[PDB]
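Visitor: structure.txt is reproduced in full below (compact mmCIF, C-alpha atoms and all ligand atoms).
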# COMPACT_ATOMS: atom_id res chain seq x y z
CA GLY A 1 106.45 136.61 114.17
CA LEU A 2 104.52 133.38 113.66
CA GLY A 3 102.34 134.01 110.63
CA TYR A 4 102.62 137.77 111.34
CA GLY A 5 105.51 140.15 110.82
CA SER A 6 108.88 138.75 109.75
CA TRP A 7 109.01 135.21 108.43
CA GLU A 8 112.65 134.71 109.38
CA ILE A 9 112.03 133.10 112.77
CA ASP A 10 114.59 133.63 115.53
CA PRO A 11 115.68 130.14 116.69
CA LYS A 12 116.20 131.58 120.19
CA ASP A 13 112.39 131.74 120.41
CA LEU A 14 112.09 127.99 119.77
CA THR A 15 112.11 125.24 122.39
CA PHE A 16 112.32 121.59 121.26
CA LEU A 17 109.98 119.26 123.14
CA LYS A 18 109.52 115.95 121.26
CA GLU A 19 110.95 114.02 118.33
CA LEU A 20 108.27 113.46 115.70
CA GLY A 21 110.29 111.20 113.40
CA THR A 22 111.55 111.97 109.92
CA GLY A 23 110.14 113.02 106.59
CA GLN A 24 111.37 113.79 103.10
CA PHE A 25 113.98 116.26 104.33
CA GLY A 26 114.95 114.57 107.58
CA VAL A 27 114.26 115.23 111.27
CA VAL A 28 110.99 116.82 112.46
CA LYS A 29 110.43 118.02 116.03
CA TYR A 30 107.55 119.37 118.08
CA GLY A 31 108.28 122.61 119.88
CA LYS A 32 106.99 125.90 121.20
CA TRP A 33 107.50 129.41 119.88
CA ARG A 34 107.95 132.04 122.61
CA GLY A 35 106.88 129.42 125.13
CA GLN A 36 103.24 129.29 124.10
CA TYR A 37 102.49 128.49 120.43
CA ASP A 38 102.85 124.91 119.22
CA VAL A 39 105.01 124.51 116.10
CA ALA A 40 106.51 121.75 114.00
CA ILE A 41 110.21 122.28 113.30
CA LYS A 42 111.47 120.64 110.11
CA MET A 43 115.25 120.58 109.99
CA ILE A 44 116.36 120.30 106.39
CA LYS A 45 119.09 117.70 105.90
CA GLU A 46 121.94 119.32 104.02
CA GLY A 47 122.06 118.20 100.40
CA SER A 48 118.42 117.10 100.37
CA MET A 49 116.77 120.33 99.19
CA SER A 50 117.37 122.94 96.49
CA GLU A 51 117.34 125.59 99.20
CA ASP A 52 117.67 128.89 97.32
CA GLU A 53 114.81 127.89 95.03
CA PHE A 54 112.65 126.81 97.96
CA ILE A 55 113.26 130.01 99.91
CA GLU A 56 112.16 132.05 96.90
CA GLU A 57 109.06 129.88 96.51
CA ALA A 58 108.31 130.17 100.23
CA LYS A 59 107.35 133.83 99.66
CA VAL A 60 104.56 132.59 97.39
CA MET A 61 103.60 129.89 99.89
CA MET A 62 103.37 132.46 102.73
CA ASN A 63 100.65 134.17 100.71
CA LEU A 64 98.52 131.02 100.47
CA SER A 65 95.99 130.71 103.27
CA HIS A 66 93.32 128.08 103.80
CA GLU A 67 91.99 126.26 106.85
CA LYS A 68 92.75 122.87 105.25
CA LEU A 69 96.37 123.67 104.26
CA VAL A 70 99.10 123.21 106.86
CA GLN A 71 100.29 126.75 107.54
CA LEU A 72 103.89 127.73 106.82
CA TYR A 73 105.03 130.05 109.62
CA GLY A 74 108.55 130.85 108.48
CA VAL A 75 112.14 129.70 108.12
CA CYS A 76 115.39 129.76 110.11
CA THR A 77 118.18 130.14 107.54
CA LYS A 78 121.09 131.57 109.59
CA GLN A 79 122.51 128.23 110.75
CA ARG A 80 123.24 124.71 109.50
CA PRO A 81 120.84 123.02 108.78
CA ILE A 82 118.06 125.45 107.97
CA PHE A 83 114.71 124.97 109.70
CA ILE A 84 111.20 125.27 108.30
CA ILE A 85 108.55 126.16 110.92
CA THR A 86 104.96 125.07 110.35
CA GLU A 87 101.59 124.49 111.98
CA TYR A 88 101.68 121.61 114.48
CA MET A 89 99.37 118.66 113.65
CA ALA A 90 99.14 116.59 116.82
CA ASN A 91 97.85 113.33 115.33
CA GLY A 92 100.56 113.02 112.69
CA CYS A 93 100.38 111.83 109.12
CA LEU A 94 97.11 110.62 107.67
CA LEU A 95 98.44 107.27 106.45
CA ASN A 96 99.46 106.15 109.91
CA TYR A 97 96.27 107.58 111.43
CA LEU A 98 94.13 105.54 109.02
CA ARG A 99 96.11 102.42 109.88
CA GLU A 100 95.42 102.73 113.64
CA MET A 101 92.48 100.37 113.86
CA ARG A 102 91.50 101.53 117.37
CA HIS A 103 89.86 104.62 115.84
CA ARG A 104 87.03 102.41 114.51
CA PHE A 105 86.09 105.04 111.93
CA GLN A 106 82.58 105.56 110.63
CA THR A 107 82.36 106.05 106.89
CA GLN A 108 80.95 109.53 107.60
CA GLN A 109 84.35 110.36 109.14
CA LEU A 110 86.19 108.95 106.12
CA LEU A 111 84.12 111.06 103.72
CA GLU A 112 84.83 114.16 105.87
CA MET A 113 88.55 113.43 105.47
CA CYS A 114 88.03 113.42 101.70
CA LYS A 115 86.12 116.71 101.94
CA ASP A 116 88.93 118.32 103.97
CA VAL A 117 91.56 117.42 101.36
CA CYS A 118 89.29 118.36 98.45
CA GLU A 119 88.71 121.83 99.94
CA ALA A 120 92.46 122.36 100.24
CA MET A 121 93.01 121.21 96.65
CA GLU A 122 90.13 123.33 95.29
CA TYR A 123 91.81 126.33 96.90
CA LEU A 124 95.21 125.48 95.41
CA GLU A 125 93.51 124.87 92.04
CA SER A 126 91.94 128.34 92.28
CA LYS A 127 95.44 129.79 92.78
CA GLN A 128 96.84 127.69 89.87
CA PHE A 129 99.17 125.97 92.35
CA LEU A 130 99.87 122.26 91.80
CA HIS A 131 100.58 119.96 94.71
CA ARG A 132 102.63 117.51 92.54
CA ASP A 133 102.86 114.78 95.24
CA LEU A 134 99.37 114.41 96.73
CA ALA A 135 99.02 111.25 98.84
CA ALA A 136 97.92 110.20 102.32
CA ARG A 137 101.51 110.33 103.54
CA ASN A 138 101.58 114.07 102.68
CA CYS A 139 98.46 114.88 104.70
CA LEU A 140 98.41 115.54 108.45
CA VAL A 141 95.74 115.30 111.16
CA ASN A 142 95.31 117.79 113.99
CA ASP A 143 94.04 117.25 117.53
CA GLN A 144 90.43 117.79 116.39
CA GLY A 145 90.66 115.11 113.68
CA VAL A 146 90.77 117.66 110.85
CA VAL A 147 92.87 116.58 107.85
CA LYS A 148 95.12 119.16 106.16
CA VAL A 149 97.30 119.01 103.07
CA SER A 150 101.03 119.52 103.67
CA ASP A 151 104.20 120.09 101.64
CA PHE A 152 102.37 121.32 98.55
CA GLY A 153 104.81 121.92 95.70
CA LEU A 154 107.86 120.77 97.65
CA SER A 155 108.75 117.86 95.32
CA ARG A 156 110.15 120.55 93.00
CA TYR A 157 113.05 121.05 95.45
CA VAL A 158 113.92 117.42 96.25
CA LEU A 159 117.45 116.52 95.14
CA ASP A 160 117.27 112.72 95.65
CA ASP A 161 117.31 111.23 92.13
CA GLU A 162 115.38 108.19 93.38
CA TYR A 163 112.40 110.47 94.05
CA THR A 164 112.84 112.66 90.96
CA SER A 165 113.15 109.95 88.31
CA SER A 166 109.79 108.51 87.27
CA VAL A 167 111.40 105.04 87.41
CA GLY A 168 113.15 105.76 90.72
CA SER A 169 112.40 103.65 93.77
CA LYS A 170 110.85 106.63 95.62
CA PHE A 171 108.81 108.29 92.85
CA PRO A 172 105.04 108.23 93.55
CA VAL A 173 104.32 105.73 90.75
CA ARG A 174 101.13 104.46 92.40
CA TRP A 175 99.70 107.99 92.60
CA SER A 176 100.57 108.96 89.01
CA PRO A 177 98.45 109.03 85.85
CA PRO A 178 99.73 107.37 82.67
CA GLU A 179 100.66 110.70 81.05
CA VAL A 180 103.04 111.44 83.95
CA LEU A 181 104.65 108.00 83.84
CA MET A 182 104.94 107.88 80.02
CA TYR A 183 105.58 111.55 79.14
CA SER A 184 106.21 113.59 82.33
CA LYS A 185 103.03 115.56 81.59
CA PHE A 186 102.13 117.25 84.88
CA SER A 187 98.97 119.33 85.19
CA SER A 188 96.07 119.99 87.52
CA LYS A 189 94.71 116.70 86.16
CA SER A 190 97.65 114.75 87.55
CA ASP A 191 96.75 116.13 91.00
CA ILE A 192 93.17 114.97 90.29
CA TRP A 193 94.39 111.44 89.57
CA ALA A 194 96.41 111.39 92.81
CA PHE A 195 93.42 112.66 94.77
CA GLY A 196 91.38 109.68 93.57
CA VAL A 197 94.12 107.35 94.80
CA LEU A 198 94.12 109.26 98.10
CA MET A 199 90.37 108.69 98.47
CA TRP A 200 91.06 104.99 97.85
CA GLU A 201 93.71 105.07 100.59
CA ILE A 202 91.21 106.65 103.00
CA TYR A 203 88.44 104.15 102.28
CA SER A 204 90.91 101.23 102.45
CA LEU A 205 92.10 102.38 105.90
CA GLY A 206 95.59 102.98 104.56
CA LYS A 207 96.32 99.94 102.37
CA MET A 208 99.06 100.34 99.77
CA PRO A 209 97.52 100.87 96.31
CA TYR A 210 98.15 98.03 93.84
CA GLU A 211 99.96 96.14 96.60
CA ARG A 212 100.10 92.91 94.58
CA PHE A 213 102.18 94.68 91.86
CA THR A 214 105.64 96.19 91.71
CA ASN A 215 106.09 99.79 90.60
CA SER A 216 106.98 98.73 87.06
CA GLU A 217 103.98 96.40 86.84
CA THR A 218 101.66 99.11 88.17
CA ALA A 219 102.84 101.64 85.58
CA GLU A 220 102.27 99.17 82.75
CA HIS A 221 98.88 97.96 83.96
CA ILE A 222 97.28 101.31 84.72
CA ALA A 223 98.27 102.56 81.26
CA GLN A 224 96.39 99.59 79.76
CA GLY A 225 93.30 100.24 81.90
CA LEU A 226 93.76 98.38 85.17
CA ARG A 227 92.05 100.29 87.98
CA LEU A 228 91.90 100.07 91.76
CA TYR A 229 88.96 98.02 93.01
CA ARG A 230 86.17 99.50 95.12
CA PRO A 231 87.14 99.39 98.83
CA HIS A 232 84.60 97.56 100.94
CA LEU A 233 83.83 100.71 102.97
CA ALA A 234 83.12 102.84 99.87
CA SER A 235 79.54 102.93 98.61
CA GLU A 236 78.98 102.77 94.86
CA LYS A 237 78.44 106.55 94.84
CA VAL A 238 81.71 107.21 96.69
CA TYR A 239 83.54 104.82 94.38
CA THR A 240 82.24 106.67 91.31
CA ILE A 241 83.82 109.85 92.69
CA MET A 242 87.27 108.34 93.15
CA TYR A 243 86.92 106.37 89.89
CA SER A 244 86.18 109.57 87.92
CA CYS A 245 89.67 110.79 88.85
CA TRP A 246 91.30 107.98 86.86
CA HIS A 247 89.98 108.61 83.37
CA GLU A 248 92.55 107.71 80.74
CA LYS A 249 91.99 111.19 79.17
CA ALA A 250 93.13 114.02 81.44
CA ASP A 251 90.55 116.44 80.06
CA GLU A 252 87.75 114.04 81.04
CA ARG A 253 88.79 114.09 84.69
CA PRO A 254 86.84 116.46 86.97
CA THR A 255 88.15 119.63 88.55
CA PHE A 256 88.50 119.84 92.32
CA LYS A 257 85.50 122.21 92.33
CA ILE A 258 83.41 119.47 90.70
CA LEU A 259 84.78 116.80 93.04
CA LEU A 260 83.98 118.92 96.08
CA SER A 261 80.41 119.39 94.85
CA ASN A 262 80.12 115.63 94.31
CA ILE A 263 81.44 114.89 97.82
CA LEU A 264 79.09 117.42 99.43
CA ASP A 265 76.16 115.90 97.51
CA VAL A 266 76.89 112.49 99.01
CA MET A 267 77.37 114.06 102.44
CA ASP A 268 74.08 115.94 102.15
CA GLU A 269 72.20 112.63 101.82
CA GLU A 270 72.99 111.89 105.50
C1 LIG B 301 103.65 108.64 112.65
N1 LIG B 301 104.65 109.42 111.93
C2 LIG B 301 106.09 109.08 111.85
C3 LIG B 301 106.75 110.19 110.99
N2 LIG B 301 105.67 111.13 110.62
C4 LIG B 301 105.82 112.36 109.81
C5 LIG B 301 106.05 112.04 108.35
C6 LIG B 301 106.09 113.31 107.52
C7 LIG B 301 107.05 114.39 108.11
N3 LIG B 301 106.91 114.62 109.60
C8 LIG B 301 105.96 115.67 110.15
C9 LIG B 301 105.85 116.90 109.51
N4 LIG B 301 105.00 117.86 110.08
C10 LIG B 301 104.31 117.60 111.20
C11 LIG B 301 103.41 118.71 111.74
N5 LIG B 301 103.16 119.94 111.14
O1 LIG B 301 102.90 118.44 112.84
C12 LIG B 301 104.39 116.40 111.87
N6 LIG B 301 103.60 116.18 113.15
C13 LIG B 301 103.45 114.90 113.91
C14 LIG B 301 104.07 113.73 113.41
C15 LIG B 301 103.96 112.47 114.10
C16 LIG B 301 103.22 112.40 115.30
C17 LIG B 301 103.07 110.95 116.09
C18 LIG B 301 101.71 110.29 115.69
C19 LIG B 301 101.24 109.06 116.50
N7 LIG B 301 101.28 109.32 118.02
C20 LIG B 301 102.69 109.79 118.43
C21 LIG B 301 103.10 111.07 117.63
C22 LIG B 301 102.59 113.56 115.82
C23 LIG B 301 102.70 114.83 115.13
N8 LIG B 301 105.26 115.44 111.32
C24 LIG B 301 106.97 113.31 110.33
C25 LIG B 301 104.46 110.65 111.19
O2 LIG B 301 103.39 111.22 111.05
CL CL B 302 89.20 97.33 101.14
PD PD B 303 131.53 120.63 107.83
Turn this file's structure into structure tokens for me.
Ligand SMILES: CN1CCN([C@@H]2CCCN(c3cnc(C(N)=O)c(Nc4ccc(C5CCNCC5)cc4)n3)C2)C1=O
Ligand SMILES: [Cl-]
Ligand SMILES: [Pd+2]
Guide:
Amino acid sequence: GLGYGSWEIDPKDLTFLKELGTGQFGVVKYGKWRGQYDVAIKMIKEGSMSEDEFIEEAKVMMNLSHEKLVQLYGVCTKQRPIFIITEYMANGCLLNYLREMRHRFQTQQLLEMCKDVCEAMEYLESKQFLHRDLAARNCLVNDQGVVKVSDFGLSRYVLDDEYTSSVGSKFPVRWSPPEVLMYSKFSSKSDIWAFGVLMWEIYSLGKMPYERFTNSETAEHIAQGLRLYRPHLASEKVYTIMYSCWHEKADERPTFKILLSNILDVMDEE
């Protein structure tokens, strides 16, 4: 079934309806399951994913459930390429949504986007599950404007060395704390650092962080103490939240439970 029953999905029950573009593992399509339920169909480019490892991990991911996580419905592994079937998010990735200036967002909407992501991350934190590549490009927006976190943990199965190497052209340098870039020290606190950068992306309406610097320059400067400036749309209180994520000491960074409380406190002032 689709979130029920077997999680090997019969591709005969899928109908392809629209190209959605491409992501980390290649082509993504919009389709229907048994003619009625909307799904996203990720077809996994051969050679791009450590597939046996992912399929084992997918059993763990099937047991995660939260309103603000994109739901994994199942897999189609009896053909080439394999497919991954997930919840359909009709407004696409958050980065491109933020960049569409027609939306004319209120800051109350931007803060709600932060809350949505923070709830998803607090849940993963409570399950001791790291995201490992949190960023606006890995969040999706549904037809009601709700933001959900996608592809949690999947960087562990990416085979492209340019994304795996911390000096590769595709590694998320601009979302990484100094202890990741210098020592490969991943923890819940490296997700915290990335979440702060994500809040900055939201309040900057999708600007690239540290745009005036190359990846190498960014890595050097943030380790010395350079920090992203306050976006014009972020109040001082909102900036303090995102800024707290970038402490040079990992153990001085908040948890996602603390961040959520801080975000709700600002929201409750409305
Ligand atoms: C605007 N781009 C271009 C490419 N890309 C993404 C990047 C990440 C992987 N890929 C996914 C994954 N999963 C889903 C899901 N679970 O829905 C999904 N959905 C989706 C994607 C794009 C749209 C566009 C948005 C603007 N109006 C026309 C339609 C709509 C739904 N795309 C494609 C992306 O967002
Ligand atoms: Cl700005
Ligand atoms: Pd062949």
Visitor: A:111, A:181, A:40, A:55: which is nearest ligand LIG 301 (chain B), counting only C-alpha atoms and all ligand atoms?
Guide: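 Residue with the minimum atom-to-atom distance to ligand LIG 301 (chain B): A:40.
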Visitor: List the spatial neighbours of stretch 206-209 of chain A as a short mmCIF file (atom, residue, chain, number, x, y, z; two decimals) with C-alpha atoms, keeping the file's coordinate frame - criterion: any atom at most 7 Å away, all atoms listed in the file, same-chain residues fewer than 2 positions off excluded.
Guide:
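So the final result, stored in result30.cif, reads:
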data_model
loop_
_atom_site.label_atom_id
_atom_site.label_comp_id
_atom_site.auth_asym_id
_atom_site.auth_seq_id
_atom_site.Cartn_x
_atom_site.Cartn_y
_atom_site.Cartn_z
CA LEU A 95 98.44 107.27 106.45
CA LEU A 98 94.13 105.54 109.02
CA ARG A 99 96.11 102.42 109.88
CA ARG A 174 101.13 104.46 92.40
CA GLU A 201 93.71 105.07 100.59
CA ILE A 202 91.21 106.65 103.00
CA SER A 204 90.91 101.23 102.45
CA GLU A 211 99.96 96.14 96.60
#
Visitor: Using only C-alpha atoms, pick whichever of A:12, A:69, A:107, A:42 has the shortest atom-to-atom distance to residue A:270.
Guide: A:107
Visitor: Rounded to one decimal in Å, what is the spacing between atom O2 of ligand LIG 301 (chain B) and atom CA of residue A:259?
Guide: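 These two atoms are separated by 26.5 Å.
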Visitor: Got a sec: who's within 12 Å of residue A:265, counting only C-alpha atoms, leaving out chain neighbours fewer than 4 positions off, as a compact mmCIF listing (two decimals) with C-alpha atoms, in the coordinates of the input?
Guide:
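Heads up, here's the output in out-v7.txt:
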# COMPACT_ATOMS: atom_id res chain seq x y z
CA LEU A 111 84.12 111.06 103.72
CA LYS A 115 86.12 116.71 101.94
CA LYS A 237 78.44 106.55 94.84
CA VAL A 238 81.71 107.21 96.69
CA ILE A 241 83.82 109.85 92.69
CA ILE A 258 83.41 119.47 90.70
CA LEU A 259 84.78 116.80 93.04
CA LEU A 260 83.98 118.92 96.08
CA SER A 261 80.41 119.39 94.85
CA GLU A 269 72.20 112.63 101.82
CA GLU A 270 72.99 111.89 105.50
Visitor: Taking (98.9, 114.7, 105.7) in the coordinates of the supplied file, I want to know which residues reach to within 7 Å of it, counting only C-alpha atoms; could you give the answer as a PyMOL selection string?
Guide: chain A and resi 93-94+136-141+147-150
Visitor: Could you list the protein, DNA and RNA residues that have any atom within 8 Å of ligand CL 302 (chain B), counting all atoms listed in the file, and write them as number ranges by chain?
Guide: A: 203-205, 207, 230-233
Visitor: Which residues of chain A come within 9 Å of ligand LIG 301 (chain B), and what is each one's closest atom pair and distance in Å (one decimal), counting only C-alpha atoms and all ligand atoms, sorted by chain and residue number, as a tab-separated table?
Guide:
residue	atom	partner	partner_atom	distance
A:18	CA	B:LIG301	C21	8.8
A:19	CA	B:LIG301	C15	8.3
A:20	CA	B:LIG301	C15	4.7
A:21	CA	B:LIG301	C3	4.4
A:22	CA	B:LIG301	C24	4.8
A:23	CA	B:LIG301	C7	3.7
A:24	CA	B:LIG301	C7	6.6
A:25	CA	B:LIG301	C7	8.1
A:26	CA	B:LIG301	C7	7.9
A:27	CA	B:LIG301	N3	7.6
A:28	CA	B:LIG301	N3	5.4
A:29	CA	B:LIG301	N8	7.5
A:30	CA	B:LIG301	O1	7.1
A:39	CA	B:LIG301	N5	7.0
A:40	CA	B:LIG301	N5	4.8
A:41	CA	B:LIG301	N4	7.6
A:42	CA	B:LIG301	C9	6.8
A:70	CA	B:LIG301	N5	6.7
A:71	CA	B:LIG301	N5	8.2
A:72	CA	B:LIG301	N5	8.9
A:85	CA	B:LIG301	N5	8.2
A:86	CA	B:LIG301	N5	5.5
A:87	CA	B:LIG301	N5	4.9
A:88	CA	B:LIG301	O1	3.8
A:89	CA	B:LIG301	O1	3.6
A:90	CA	B:LIG301	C23	4.3
A:91	CA	B:LIG301	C22	4.8
A:92	CA	B:LIG301	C14	3.7
A:93	CA	B:LIG301	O2	3.6
A:94	CA	B:LIG301	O2	7.2
A:95	CA	B:LIG301	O2	7.8
A:96	CA	B:LIG301	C1	5.6
A:97	CA	B:LIG301	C19	7.3
A:137	CA	B:LIG301	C6	6.8
A:138	CA	B:LIG301	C6	6.7
A:139	CA	B:LIG301	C6	8.3
A:140	CA	B:LIG301	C11	6.8
A:141	CA	B:LIG301	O1	8.0
A:142	CA	B:LIG301	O1	7.7
A:150	CA	B:LIG301	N4	7.7
A:151	CA	B:LIG301	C9	8.7
Visitor: Could you take the residues named above and write them with C-alpha atoms, as a PDB file, in the frame of the given file?
Guide:
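Wrote it out as out.pdb, contents follow:
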ATOM      1  CA  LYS A  18     109.520 115.950 121.260  1.00  0.00           C
ATOM      2  CA  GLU A  19     110.950 114.020 118.330  1.00  0.00           C
ATOM      3  CA  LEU A  20     108.270 113.460 115.700  1.00  0.00           C
ATOM      4  CA  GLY A  21     110.290 111.200 113.400  1.00  0.00           C
ATOM      5  CA  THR A  22     111.550 111.970 109.920  1.00  0.00           C
ATOM      6  CA  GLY A  23     110.140 113.020 106.590  1.00  0.00           C
ATOM      7  CA  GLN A  24     111.370 113.790 103.100  1.00  0.00           C
ATOM      8  CA  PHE A  25     113.980 116.260 104.330  1.00  0.00           C
ATOM      9  CA  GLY A  26     114.950 114.570 107.580  1.00  0.00           C
ATOM     10  CA  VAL A  27     114.260 115.230 111.270  1.00  0.00           C
ATOM     11  CA  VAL A  28     110.990 116.820 112.460  1.00  0.00           C
ATOM     12  CA  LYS A  29     110.430 118.020 116.030  1.00  0.00           C
ATOM     13  CA  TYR A  30     107.550 119.370 118.080  1.00  0.00           C
ATOM     14  CA  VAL A  39     105.010 124.510 116.100  1.00  0.00           C
ATOM     15  CA  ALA A  40     106.510 121.750 114.000  1.00  0.00           C
ATOM     16  CA  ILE A  41     110.210 122.280 113.300  1.00  0.00           C
ATOM     17  CA  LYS A  42     111.470 120.640 110.110  1.00  0.00           C
ATOM     18  CA  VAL A  70      99.100 123.210 106.860  1.00  0.00           C
ATOM     19  CA  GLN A  71     100.290 126.750 107.540  1.00  0.00           C
ATOM     20  CA  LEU A  72     103.890 127.730 106.820  1.00  0.00           C
ATOM     21  CA  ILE A  85     108.550 126.160 110.920  1.00  0.00           C
ATOM     22  CA  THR A  86     104.960 125.070 110.350  1.00  0.00           C
ATOM     23  CA  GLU A  87     101.590 124.490 111.980  1.00  0.00           C
ATOM     24  CA  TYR A  88     101.680 121.610 114.480  1.00  0.00           C
ATOM     25  CA  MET A  89      99.370 118.660 113.650  1.00  0.00           C
ATOM     26  CA  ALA A  90      99.140 116.590 116.820  1.00  0.00           C
ATOM     27  CA  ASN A  91      97.850 113.330 115.330  1.00  0.00           C
ATOM     28  CA  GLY A  92     100.560 113.020 112.690  1.00  0.00           C
ATOM     29  CA  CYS A  93     100.380 111.830 109.120  1.00  0.00           C
ATOM     30  CA  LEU A  94      97.110 110.620 107.670  1.00  0.00           C
ATOM     31  CA  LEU A  95      98.440 107.270 106.450  1.00  0.00           C
ATOM     32  CA  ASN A  96      99.460 106.150 109.910  1.00  0.00           C
ATOM     33  CA  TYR A  97      96.270 107.580 111.430  1.00  0.00           C
ATOM     34  CA  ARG A 137     101.510 110.330 103.540  1.00  0.00           C
ATOM     35  CA  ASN A 138     101.580 114.070 102.680  1.00  0.00           C
ATOM     36  CA  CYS A 139      98.460 114.880 104.700  1.00  0.00           C
ATOM     37  CA  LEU A 140      98.410 115.540 108.450  1.00  0.00           C
ATOM     38  CA  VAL A 141      95.740 115.300 111.160  1.00  0.00           C
ATOM     39  CA  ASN A 142      95.310 117.790 113.990  1.00  0.00           C
ATOM     40  CA  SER A 150     101.030 119.520 103.670  1.00  0.00           C
ATOM     41  CA  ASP A 151     104.200 120.090 101.640  1.00  0.00           C
TER      42      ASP A 151
END
Visitor: What gap, in Å, lies between atom CA of residue A:253 and atom CA of residue A:146?
Guide: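 Taking atom CA of residue A:253 and atom CA of residue A:146, their separation equals 26.5 Å.
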Visitor: Within 10 Å of residue A:228, counting all atoms listed in the file, which residues show up once you throw out same-chain ones fewer than 6 positions away? Write them as a PyMOL selection string, please.
Guide: chain A and resi 196-197+200+209-210+222+239+242-243+246
Visitor: Create the file for the chosen residues now, containing C-alpha atoms and written as a PDB file, keeping the file's coordinate frame.
Guide:
ATOM      1  CA  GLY A 196      91.380 109.680  93.570  1.00  0.00           C
ATOM      2  CA  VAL A 197      94.120 107.350  94.800  1.00  0.00           C
ATOM      3  CA  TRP A 200      91.060 104.990  97.850  1.00  0.00           C
ATOM      4  CA  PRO A 209      97.520 100.870  96.310  1.00  0.00           C
ATOM      5  CA  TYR A 210      98.150  98.030  93.840  1.00  0.00           C
ATOM      6  CA  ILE A 222      97.280 101.310  84.720  1.00  0.00           C
ATOM      7  CA  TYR A 239      83.540 104.820  94.380  1.00  0.00           C
ATOM      8  CA  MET A 242      87.270 108.340  93.150  1.00  0.00           C
ATOM      9  CA  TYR A 243      86.920 106.370  89.890  1.00  0.00           C
ATOM     10  CA  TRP A 246      91.300 107.980  86.860  1.00  0.00           C
TER      11      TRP A 246
END
Visitor: Do you know which residues are within 12 Å of ligand PD 303 (chain B) using only C-alpha atoms and all ligand atoms? Can you write them as a ChimeraX atom specification?
Guide: /A:46,80-81
Visitor: Which value, in Å to one decimal, gives the distance between atom CA of residue A:129 and atom CA of residue A:152?
Guide: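 Atom CA of residue A:152 lies at a distance of 8.4 Å from atom CA of residue A:129.
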Visitor: I need the residue nearest residue A:15 from this list: A:37, A:221, A:1, A:216. Use all atoms listed in the file for the distance.
Guide: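 Checking each of A:37, A:221, A:1, A:216 against residue A:15, counting all atoms listed in the file, the winner is A:37.
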Visitor: Counting only C-alpha atoms, what are the residues of stretch 190-268 of chain A within 8 Å of stretch 122-127 of chain A, and for each of them which pair of atoms is the nearest and at what distance in Å, to one decimal? Sort the table by chain and rising number, as JSON lines.
Guide:
{"residue": "A:255", "atom": "CA", "partner": "A:122", "partner_atom": "CA", "distance": 7.9}
{"residue": "A:256", "atom": "CA", "partner": "A:122", "partner_atom": "CA", "distance": 4.9}
{"residue": "A:257", "atom": "CA", "partner": "A:122", "partner_atom": "CA", "distance": 5.6}
{"residue": "A:260", "atom": "CA", "partner": "A:122", "partner_atom": "CA", "distance": 7.6}
Visitor: Would you mind telling me which residue in A:262, A:155, A:36, A:108 lies nearest to residue A:244 when using all atoms listed in the file?
Guide: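 Result for the nearest residue to residue A:244: A:262.
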Visitor: Looking at A:73, A:175, A:250, A:106, which one is nearest to residue A:227, with distances taken over all atoms listed in the file?
Guide: A:175
Visitor: Quick one: everything within 8 Å of residue A:190, counting only C-alpha atoms, minus sequence neighbours fewer than 3 positions away in the same chain. Send it as a count of residues only.
Guide: 9
Visitor: For residue A:54, which residue among A:82, A:195, A:160, A:101 is the nearest when counting all atoms listed in the file?
Guide: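 Checking each of A:82, A:195, A:160, A:101 against residue A:54, counting all atoms listed in the file, the winner is A:82.
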Visitor: At a cut-off of 12 Å, using only C-alpha atoms, what residues contact residue A:53? Leave out same-chain residues fewer than 3 positions from it and give the result as a VMD selection string.
Guide: chain A and resid 49 to 50 56 to 60 153 to 159
